[PDB]
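First comes the structure, then the notes that go with it.
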Amino acid sequence: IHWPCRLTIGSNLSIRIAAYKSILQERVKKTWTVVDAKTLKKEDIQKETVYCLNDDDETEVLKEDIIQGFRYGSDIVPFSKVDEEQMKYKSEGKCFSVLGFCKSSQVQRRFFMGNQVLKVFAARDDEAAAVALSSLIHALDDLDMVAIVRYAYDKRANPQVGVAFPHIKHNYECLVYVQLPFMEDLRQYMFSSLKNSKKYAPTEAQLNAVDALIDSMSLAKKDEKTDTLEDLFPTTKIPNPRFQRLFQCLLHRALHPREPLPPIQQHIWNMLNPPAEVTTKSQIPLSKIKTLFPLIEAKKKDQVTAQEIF
Amino acid sequence: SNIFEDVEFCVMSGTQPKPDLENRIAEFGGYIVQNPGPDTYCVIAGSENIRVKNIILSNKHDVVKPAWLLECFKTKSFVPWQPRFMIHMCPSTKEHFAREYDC
Amino acid sequence: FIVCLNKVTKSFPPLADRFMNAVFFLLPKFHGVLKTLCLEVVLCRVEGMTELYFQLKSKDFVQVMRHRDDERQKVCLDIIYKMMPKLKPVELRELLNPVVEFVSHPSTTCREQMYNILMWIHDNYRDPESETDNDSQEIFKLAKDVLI
Amino acid sequence: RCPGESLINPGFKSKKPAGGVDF
Amino acid sequence: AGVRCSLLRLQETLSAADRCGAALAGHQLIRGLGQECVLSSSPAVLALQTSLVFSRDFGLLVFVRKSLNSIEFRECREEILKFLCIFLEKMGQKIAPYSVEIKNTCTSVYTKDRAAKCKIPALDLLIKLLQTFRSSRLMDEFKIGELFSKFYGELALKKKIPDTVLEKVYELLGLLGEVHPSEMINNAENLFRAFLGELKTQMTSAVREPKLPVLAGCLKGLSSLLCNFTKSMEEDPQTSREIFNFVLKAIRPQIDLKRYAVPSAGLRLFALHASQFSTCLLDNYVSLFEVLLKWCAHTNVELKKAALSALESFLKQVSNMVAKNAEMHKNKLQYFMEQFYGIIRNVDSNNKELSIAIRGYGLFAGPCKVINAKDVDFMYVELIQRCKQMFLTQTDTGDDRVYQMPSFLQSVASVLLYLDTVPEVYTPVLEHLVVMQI
Amino acid sequence: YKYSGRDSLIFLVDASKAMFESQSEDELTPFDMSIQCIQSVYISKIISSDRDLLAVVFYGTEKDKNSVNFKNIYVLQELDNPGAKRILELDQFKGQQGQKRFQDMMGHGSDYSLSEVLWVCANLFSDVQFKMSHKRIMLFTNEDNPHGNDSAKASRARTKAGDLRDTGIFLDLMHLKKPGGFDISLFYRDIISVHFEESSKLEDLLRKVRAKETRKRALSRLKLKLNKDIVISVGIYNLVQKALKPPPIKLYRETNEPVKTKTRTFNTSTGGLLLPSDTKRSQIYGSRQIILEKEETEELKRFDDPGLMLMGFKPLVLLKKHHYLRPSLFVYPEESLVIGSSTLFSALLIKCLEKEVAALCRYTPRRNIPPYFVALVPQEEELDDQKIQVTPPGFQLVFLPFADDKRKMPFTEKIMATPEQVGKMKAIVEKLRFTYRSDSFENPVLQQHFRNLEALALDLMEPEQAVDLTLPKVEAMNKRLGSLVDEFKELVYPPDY
DNA sequence: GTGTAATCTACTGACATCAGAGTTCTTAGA
DNA sequence: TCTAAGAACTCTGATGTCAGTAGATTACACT
């Protein structure tokens, strides 16, 4: 959806901006409706969310007698929903405004923390914004500097922070915005560090097996002079197997309206595997892993096979 | 006493013994409530708390001096509200008393 | 730790004198059989310690003495019998009130040990050089009255 | 050992005092 | 008797200030009090202790119902309900005047307490309470139908209920249809729909391995439910097929379990209600007697007893099924008359496997006389000639009587039952073998 | 230590008049300092770790409360999970009137004995049932010679505190600005594990710092199936995970009691309390209705069992940083299964870093979840900060989108700026250069929420209202940058806005 | 049978997470 | 001349997960 806003590097200087979500982890449009087993009508069920006090089933009325609480150590404290709104942190506007800039080094790979990615663009038919924002991002293309920005989609929603990371394509400048953690979203643990290898030995023959694995099972093959490899398995171009599988069932149960469900249609595995020539290359380097490394047991667990035929 | 029955109270603060305030009320049978709904008569507080500020911000309720109820207990008879017995009043009471108090 | 320690010290007391702080520190954390194996290391060494009444009163030992569990109550009364000569009349009065409760106890072996306590109290608190203190005199009356 | 480990909440790494933009 | 000085101190632990530490006294105090009065024997002292335990101003059930809001006293509520489960067994129907207030303690504990380890004994105690007072005048004032509406309602949210508590809700619910059918008279069909719909979902689901305790709880409760409210193929042939093929799913060692509660519950259901499954005995017949006989080999003794008791009811029903049917079943009889005879005539195995096969032959005379009277005498004559040598081990002490000749008597009595004529010349032998049992 | 063990912490203040009512200034007070510390670490521990245990004890007071070894000690609070009513018990003793409130009750300046005080605290920790990971005592006394005038009194303490350390209870100290001097080398030298004004440690107990702190725990464990046969066990750990205001517990108005949301499902026509078996699931398409059971809306969406299947290798440059799915999770070995598989994993880590390579995998965190596709990027540790490990070594799971995720975005074309318009920008950008660090910001809502919650909890006077750090400090942006917004307004666009 | 192991399978606290439902805003709009 | 269809965000509720606790079940074993 369109969202109109104003990119603001300092108190006086604002530029018109209108961002679009670009990656979103996508969910199916129609939910599974709930229906009576014999009538097949979607409104013969009413969902009573009834309440109980535990003093022999005194039933409450939510419109008069139920007040939300939070929890504070060994005890409960009552708020009012109507008084959290009196004290709640309220954003002063539907803001977007830069806090400052710093190197690509300040922002490592791991930490990125978002639900979505924005692409954050000069407003439609603003030719002053077009020159100003093309200047902004062309002045980030060369310094390895990145922006850090307060954001908020709309009023009442939570304020937000993070990295507005530039990139370039021949037809437009990229500057994506992504959320970064606050100090309490970040977890620090000293995982026992592995270069102290004296009890978990990486010996010469083990290393000299792996040395061939990771070249041998390459997907990317150098069949090029662009310095771009064949891209033999373009996973971002594959359609989601979750929705292929859903519509495939809705098809089968539509055309055969009382019959049981089919297996996974085989071409979905043939797509979702990475098989062809790479498996013909792999088998020998894998065969020397089986001996140079140990493979001590793991248990198994069962299914409807725990009481199913033959 | 049989007078404060049918009249519901919130003892939102004390500090005079707060937990004994409602116990004195209990031998007068005044209907004790821990958190004032839109049903209640009035709210009683020995001092301010943030919940009392919430009830200054949300005008809907009648907010009462500590000593007034102790006086009604000492009179052995409910004393109706002289102006200082309140420390804030609701819009229903204020529009009632824009007539019958001076402004 | 306690199961292993019980099996050494049952046969050799001196090593317990290192670990007696650990045994007293862990004593309220166990329940069931381990509680007896823990107290039994006290029994292997109770004639050594000083301050043992405060140390033993620090854990709820008078309540530990009332768990109906025949093994525990026997060794528990056996702690009483070995620390017996070193108490002042003040703590013994406190400690004797729950021992005197056992006169109805069903275990013939447990009741015999309690009579061995009471038989010692009579003999050593009969006619002190001063009759004058209520704590020493109450103990003689109360020990006599249950020996009856 | 001591140098990074908070006295309010042991084993966990010391929470540094919030920062922000400051040139 | 120290029971009252003990109960007096229990009420002090409820009112002590260290509510966390006082529970440890209160628990072990009950753990001592419960020893004193299960130990007792004198009828007068025992009577005192019952009405000290069940006291009205004092005593155990008042301590439960007055401590019921605390979370510290769980350990006391478990132990007091475990103790009452013993005391109600010790005393049997002598508990009558207190029995209603035991019920009210169980349902109050069950609703108000969050912990499954308290909900379990509260359910267990209702199982034994309902089960012992079955015949009683009290059984109306239990409010036995309101109780069904109460514990049936828990299923509308069953997903929340922990696995082992959901055994006992079904052990209970099915038993309400055993003990007082008249108040259940319309509810039984919805409870069938519930027991089946759940057990289908639990057995047949492709996404999750079965919750064995919940599956066993269905089969146990169901075995009580079929005792009244019958479902056998003369009427409701579809639901009675469904019940039967779920019993096959349970009974078949389709892959081996490392705990036997599921087959064990399935076998009891089959043994008591094979009369419900009349036709289906003869559909699946080999796989039935193969699997049932496979369970006679098994090393757990209560599983072996559940196995042995299932075969008898199965063969007895199969014998009726052709006591009044035509020649069609010569194929089935040729399987029985061959196969377990091939066991009796060879096997080195235990007297249990042997004697259940001996039993089998005795039943089939009434089937067999329909096709040929001149096999009936020979299936008697030969059994007598076996008895005339099975007594004749010549004082073989400690081995030969141990299970064996009562099965020859039991089976000769049934080839005898079906003969119309009598070989008078074997009356002396027959009676000598009867004397040899005495 | 192991996962479950609680932190447990007991606070043990000198009630002696010579420190208790004492000041060199007027502006603080050592008892008012210690009590502030105890209230403030305790309000930290309430927000951050309600699971961990606190107690507080006064020694040398004149009226007593103990299990045994009674003389001149008062356990104000035994060991318990922390909450409001305990913070209200400490609040009563604070301040100029507070140092009289305490005197009406427990009484001040009497003789005391550390070997008995250390006995008391020992019994306390013993009396509790929970598993404890760290056992710590905090000394709030200034009395640098703790009246060891009798050396045969003092040797009891030193031996008893040997016994504390021997039983693996720890003990810790703070000195409290004794007039003229304090020196640990006189005494306390052997009780703790050159001369001081007041401890540089003590200000850390006034940080008032708030977050949940949740200890190292797995998300799940999985088998990295290299093919049909070779497997290694790996963990899956959550290095970055957005926190939320804690779930609110619905209450009954008239008593504040908690109440059970007790939902049922009821037939619109009739009394049927419909069981889960009574009802199916469904869709509408093409004006017809499709019907499936409550088993199969979750038999659909199955593909695989819990594991990680290897899909071959890529260049790290082709894993484009513009398309990002959900927060990255760590992968680290686990000998809990597949013993010695750490030997393979470690070689795999080491050699990928030489190849400049990622492994690609298909990932299912559970049964009945579809596979996503994930790049295993390899990782290397910056211990250079005196072994403060800013980065653990292992792999990152970085997730990759599929076609459906990459949403269409409208048409636009331009390449508009001149070298002067970039050239002026290259100045402003270099004037606004700072250093971001990951921990440099805090959530304005979630931090404010706790301050509101405390005001309500203690019945404070005011919400603390501590202003957030996400707003740009615009006057500094006016001044550091300076007037250079006019370079856009003059050189780049017309004066009409 | 009777009694003592060893050990599987449960339940709970706690933490993440998909889904599902409540809520404010754009375009197409009589 | 305006009334729903399509977004968007937060919040609530269930399901599955892990670690740790402890009970009851099931083997093991007696000359």
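Derivation of every value follows stated rules applied to the coordinates shown; laboratory data play no part. Cβ coordinates were reconstructed from backbone atoms using ideal geometry, including for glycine residues, and neighbour counts include every protein chain displayed.
Among F:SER341, A:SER80, what is the fewest-to-most ranking by other Cβ atoms within 10 Å?
So the residues, fewest neighbours to most, are A:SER80, F:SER341.
In angstroms, what radius of gyration and Dmax does chain F have, counting Cα atoms only?
Rg then Dmax for chain F, in Å: 31.6, 97.
Based only on other Cβ atoms within 10 Å, what is the fewest-to-most ordering of F:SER336, C:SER11, E:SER6, E:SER309?
Ordered by Cβ neighbours within 10 Å, fewest first: C:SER11, F:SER336, E:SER309, E:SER6.
Highest mean first, what order results for F:231-239, B:51-59 on Cβ atoms within 10 Å?
F:231-239, B:51-59
Starting from the Cα gyration tensor of the stretch F:127-204, take the square roots of the eigenvalues, sort them a ≥ b ≥ c, and report rounded, prolate or oblate (rounded when a/c is under 1.5, otherwise prolate if a/b is larger than b/c, else oblate).
Details: a/c = 2.51, a/b = 1.30, b/c = 1.93.
Judged from the Cα gyration tensor, the stretch F:127-204 comes out oblate (a/c at least 1.5, b/c at or above a/b).
Once you average over the residues of A:209-217, how many Cβ atoms of partner chains fall within 10 Å of each Cβ?
Details: counts 3, 10, 4, 1, 9, 10, 4, 2, 8.
Per residue, the average neighbour count from other chains is 6.
Apply the Karplus parameterisation 6.51 cos²θ - 1.76 cosθ + 1.60, with θ equal to phi minus 60°, to every residue of the stretch A:129-141 and state each ³J(HN,Hα) to the nearest whole Hz, in sequence, with x for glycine and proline.
4, 4, 5, 5, 6, 4, 4, 3, 6, 4, 7, 9, 4
Over chain A, what relative contact order in percent results from Cα pairs under 8 Å that are six or more residues apart? If you can, show how the numbers build up before the last one.
On the way: 327 pairs, mean separation 42.9, N = 310.
After rounding, I find 14 percent.
Under the definition of Cα pairs under 8 Å and six or more residues apart, what whole-number percent is the relative contact order of the stretch F:242-304?
Normalised by residue count, the contact order of the stretch F:242-304 is 15 percent.
Amide H of A:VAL146 versus every other amide H placed in the peptide plane: which residues, excluding those fewer than 5 positions away on the same chain, fall under 5 Å?
The list, which skips near neighbours in sequence, is A:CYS102, A:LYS103, A:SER104.
For chain A, what does the helix formula give at 222 nm: sum of -39500 (n - 2.57) over DSSP H segments with n ≥ 4, over the residue count, nearest 500 deg cm²/dmol?
-7500 deg cm²/dmol
Could you work out how far the C-alpha centroid of the stretch F:31-104 sits from that of the stretch A:241-295, in angstrom?
What the calculation gives is 64 Å, centre to centre.
Under the Karplus relation 6.51 cos²θ - 1.76 cosθ + 1.60, θ = phi - 60°, what is the ordered set of whole-Hz ³J(HN,Hα) values for the stretch C:14-30, x standing for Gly and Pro?
With the stated coefficients, the stretch C:14-30 comes to x, 4, 4, 5, 6, 8, 4, 4, 5, 4, 5, 5, 7, 3, x, 7, 6 Hz.
First check a/c for the protein assembly as shown, with a ≥ b ≥ c the square roots of the eigenvalues of its C-alpha gyration tensor; if it is under 1.5, answer rounded, and if not, answer prolate when a/b is larger than b/c or oblate otherwise.
oblate
Summarise the partner chain shielding of F:77-85 as one whole number: the mean count of Cβ atoms from other chains within 10 Å of each residue's Cβ.
For peptide F:77-85, the averaged partner shielding equals 3.
Would you tally the net charge around F:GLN241, using a Cβ to Cβ cut-off of less than 12 Å, leaving F:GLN241 out, and scoring K and R as +1, D and E as -1? It would help to have the intermediate numbers written out before the result.
Details: positive: A:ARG187, F:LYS212, F:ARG217, F:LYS242, F:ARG326; negative: A:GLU184, A:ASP185.
Residues near F:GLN241 contribute +3 overall.
What percent antiparallel are the DSSP beta bridges of the protein assembly as shown, to the nearest 5?
Antiparallel: roughly 75 percent of the beta bridges in the protein assembly as shown.
Can you list the HN-Hα couplings for the stretch E:250-261, worked out from phi with the Karplus curve (6.51, -1.76, 1.60; θ = phi - 60°), rounded to whole Hz and with x for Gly and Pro?
Per residue, the Karplus-derived 3J(HN,Hα) values read 5, 6, 4, x, 5, 8, 5, 7, 9, 9, 9, 4 Hz.
Find out how many positive minus negative residues lie around F:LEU76, taking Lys and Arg as positive, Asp and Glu as negative, among other residues whose Cβ is under 11 Å from that of F:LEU76.
0
Using bins 5 angstrom wide from zero, how does P(r) for the stretch F:6-213 break down, in % of all Cα pairs?
Values per bin, smallest distances first: 1, 7, 15, 20, 22, 18, 12, 4, 1, 0.
Could you tally the net charge around D:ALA18, taking each other residue with its Cβ under 9 Å from the Cβ of D:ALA18, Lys/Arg +1 and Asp/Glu -1?
With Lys, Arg at +1 and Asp, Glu at -1, the neighbours total 0.
How big is the C-alpha Rg of the stretch E:233-353 next to the rule-of-thumb value 2.2 N^0.38 Å, as a ratio?
Output field value: 1.08.
Per-residue mean of other chain beta-carbon atoms within 10 angstrom of the beta-carbon, peptide F:411-420?
6
Please give the Cα centre distance for the stretch F:472-496 versus the stretch F:147-226, rounded to the nearest Å.
A separation of 54 Å, based on Cα centres.
Name the residue, out of A:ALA147, A:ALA298, A:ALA205, whose mean-square fluctuation peaks in a Gaussian network model built on chain A with Cα pairs under 10 Å.
Result for chain A, Cα springs under 10 Å: A:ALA298 fluctuates most.
With springs connecting C-alpha atoms under 10 Å apart, model chain E as a Gaussian network and identify which of E:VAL38, E:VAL53, E:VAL64 has the largest mean-square fluctuation.
Residue with maximal mean-square fluctuation among E:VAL38, E:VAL53, E:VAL64: E:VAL38.
Size of the dipole of the stretch F:6-213 about the Cα centre, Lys and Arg at +1 and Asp and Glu at -1 on the beta carbon, nothing else charged, in debye to 20?
620
Return the subset of F:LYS351/F:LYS387; A:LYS198/F:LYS355; E:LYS294/F:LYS223 for which the Cα-Cα distance in this structure is over 29 Å, preserving the input order.
Details: F:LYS351/F:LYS387 24 Å; A:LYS198/F:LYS355 24 Å; E:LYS294/F:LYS223 38 Å.
The pairs that break the limit, which is 29 Å between Cα atoms, are E:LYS294/F:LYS223.
Which of the pairs E:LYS220/E:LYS258; E:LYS112/E:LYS150; F:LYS2/F:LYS201; A:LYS301/F:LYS228; A:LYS221/F:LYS320; E:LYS119/E:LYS220 have their Cα atoms more than 21 Å apart in this structure?
Details: E:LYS220/E:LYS258 19 Å; E:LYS112/E:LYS150 14 Å; F:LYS2/F:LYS201 27 Å; A:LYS301/F:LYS228 17 Å; A:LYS221/F:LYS320 18 Å; E:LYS119/E:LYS220 19 Å.
Over 21 Å Cα-Cα: F:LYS2/F:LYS201.
Taking the Kirkwood radius as the inverse of the mean 1/r across Cα pairs, report the Rg/Rh of the stretch F:298-353.
1.03
Starting from the Kirkwood Rh over alpha-carbon pairs, what translational D in µm² s⁻¹ does the stretch E:5-438 have by Stokes-Einstein at 37 °C and 0.692 mPa s?
Rounded, D is 129 µm²/s.
Ranked highest first by the average count of other Cβ atoms within 10 Å around their residues, in what order do A:171-181, A:19-29, A:300-310 fall?
A:171-181, A:19-29, A:300-310
Between the stretch E:387-438 and the stretch E:276-352, how many Å separate their Cα centres?
With the stretch E:387-438 and the stretch E:276-352 each reduced to a Cα centre, they are spaced 23 Å.
Normalised by the number of residues in the stretch A:46-202, what is the relative contact order in percent for Cα pairs under 8 Å and 6+ residues apart?
Relative contact order here is 20 percent.
Given the alpha-carbon gyration tensor of chain A, what are the semi-axes of its equivalent ellipsoid in whole angstrom, ordered largest first, with each equal to the square root of 5 times an eigenvalue?
Computed over chain A, the values are 42, 40, 27 Å.
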